[PDB]
Structure formats: structure tokens, C-alpha cells
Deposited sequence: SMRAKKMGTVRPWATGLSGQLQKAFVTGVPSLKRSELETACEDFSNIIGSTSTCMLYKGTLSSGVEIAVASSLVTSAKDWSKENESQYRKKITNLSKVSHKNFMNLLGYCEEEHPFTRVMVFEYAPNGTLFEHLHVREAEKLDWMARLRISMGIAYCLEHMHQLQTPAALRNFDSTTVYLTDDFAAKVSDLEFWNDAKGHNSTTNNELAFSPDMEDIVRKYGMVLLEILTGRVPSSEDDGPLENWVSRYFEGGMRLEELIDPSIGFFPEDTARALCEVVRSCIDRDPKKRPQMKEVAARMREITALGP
């Protein structure tokens, strides 16, 4: 065991759950993702290193592995994609982390890829609020390392479209940097726009854009003054000077106020 709290799986266990690793959700810089189901019926996303022998794997690699598990085992939040387990094995070489499975995939997909169906206003506020609570909690745990890769492709959506912020990448940022990224992700949620943006939105901030220009047209109707308040949160978060940015606890506080949604 490398940690208290998080169970250490036999590879035999995980082979069962993931049908001999036969079902792939995705693939990233540092890991392959396999779909599984535990004998408890709990759906899982298994993140496996891209290293297949002890040779391609350093003691630096190993040290990073155990640090990540340590750090993530300390993070537990309803709006985080929580670590459920891990599996280290030498025969054959296995370095795995087991995460919660989010059936509605990424925020990015639901904002930009699905043409037929769009997230409504209230679902967008709920997602925005959830993200903010997650980041606030992480800043309280002093583990922003888990957020070095934060953007709409790393935020997942549950059955009921709650946000789960993820940290899937094997470990080979300021909280001020995370606050700005939160600003940009909130802006993306509001507008439906993604960096192929600051210049575009500066026109809104300059006073030369109506909210019906800024807000994602797929939304339909929306409360103007709510939208206004959310855009000020964006403006605060993305200030060019990191020192002028709100703390995440202040962001979460203001967001709670505007959305009227508790943690």
C-alpha cells in the first residue's frame, strides 16, 4: 500500500473489471484509458501508463506515480473525478490509477461538438458552480498540481450533468493561473467559444458589446443581469495582473451568490 484510504487492486481484479483491457475510452499524453465495471457494478475509468516494461520506467517515474496517488487520495470532492484505487504490478508491468466513470464525457464535447442538443442556462450555472467548488477545495488542500491541465477537455459530466474536474495525466502552476483558467472556462460556458478570445471579449469589457452578442445563441433566453454578474466574475479572474485576481474562495463565494446553488 502506498496510501491510506485508497484500495490497492490486484491486476487479476482489474483484468476482470476491464475485460482483459479490451475497451478503450481514450488516450492521452501519459496514459491509456480503459472502460471497466467492478463486481460492485461501479463503473470505472482505468488510467494505465504507456510503459510496458520495467526498463522504460525510471525511479523518477515511480516516485511521481506514488506522489500523484498520495496527492489525489487527499483530494475527495463530489465535483472532482476521484481516485477509487490503483494497481502496481511487475509481472506484467502495470502502473494504473482507477477513477470514477463520468457517463456524459467532457464539457468540451457538450459545448462544441454536439450540434443537435445544447446545455441550457441552468445546467451551465450548475456546471460553473461545481467547477468553482472543486477548485476552491483543491486550493484548501494546497494541491493545484492536480489542475496544471485544467480546461473544458479535462472537466467531465456525471449522469445528472454535475461537473467533475479531473487530473488523469501521470505527473511527467500558481493558484493565480488556475483562477484565470477558471475565468476562461466560465467565459467558454457562457459564450460557446473556445481558443481555436481575450481580444474578442475585451470588446465586451471595453463596453462595445451587447450581452445578446456575447452569450451562446444555443442557450436561447437568459436573465440579462445574471449574465452581467457572471461576466464580471470572468473579468476579475482573467485580469492581466495575477496579483489583482480574486482568490478562488472569493470566486466560489460570488458564484454561489449569483447562481443560488450550494455545494
*Could you give the ranges of the deposited sequence that carry no C-alpha coordinates?*
1-23, 196-211, 236-241
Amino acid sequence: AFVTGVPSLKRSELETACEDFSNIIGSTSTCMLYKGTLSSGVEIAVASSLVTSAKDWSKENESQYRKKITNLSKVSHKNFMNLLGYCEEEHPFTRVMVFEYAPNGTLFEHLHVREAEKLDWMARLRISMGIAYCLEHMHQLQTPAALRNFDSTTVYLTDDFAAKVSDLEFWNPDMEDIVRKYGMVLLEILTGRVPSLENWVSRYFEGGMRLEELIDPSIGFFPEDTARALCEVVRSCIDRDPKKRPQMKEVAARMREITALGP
From here on, numbers count along this sequence of modelled residues.
*63-71 set against 232-240, stretch whose average Cα temperature factor tops the other in the entry*: 63-71
*Given 85-93 and 176-184, the range whose Cα B-factors average higher in the PDB entry*: 85-93
*State the tercile, meaning the lowest, middle or highest third, of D56 with respect to the CA B-factors recorded for its chain.*
highest
_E213 by Cα B-factor - lowest, middle or highest third of the modelled chain_ = middle
*Divide the modelled residues of the chain into thirds by Cα B-factor and specify which third, lowest, middle or highest, holds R124.*
lowest
_Third assignment of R193 from its chain's C-alpha B-factors_ = middle
*Thinking about Cα B factors across the chain, which third does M32 belong to?*
highest
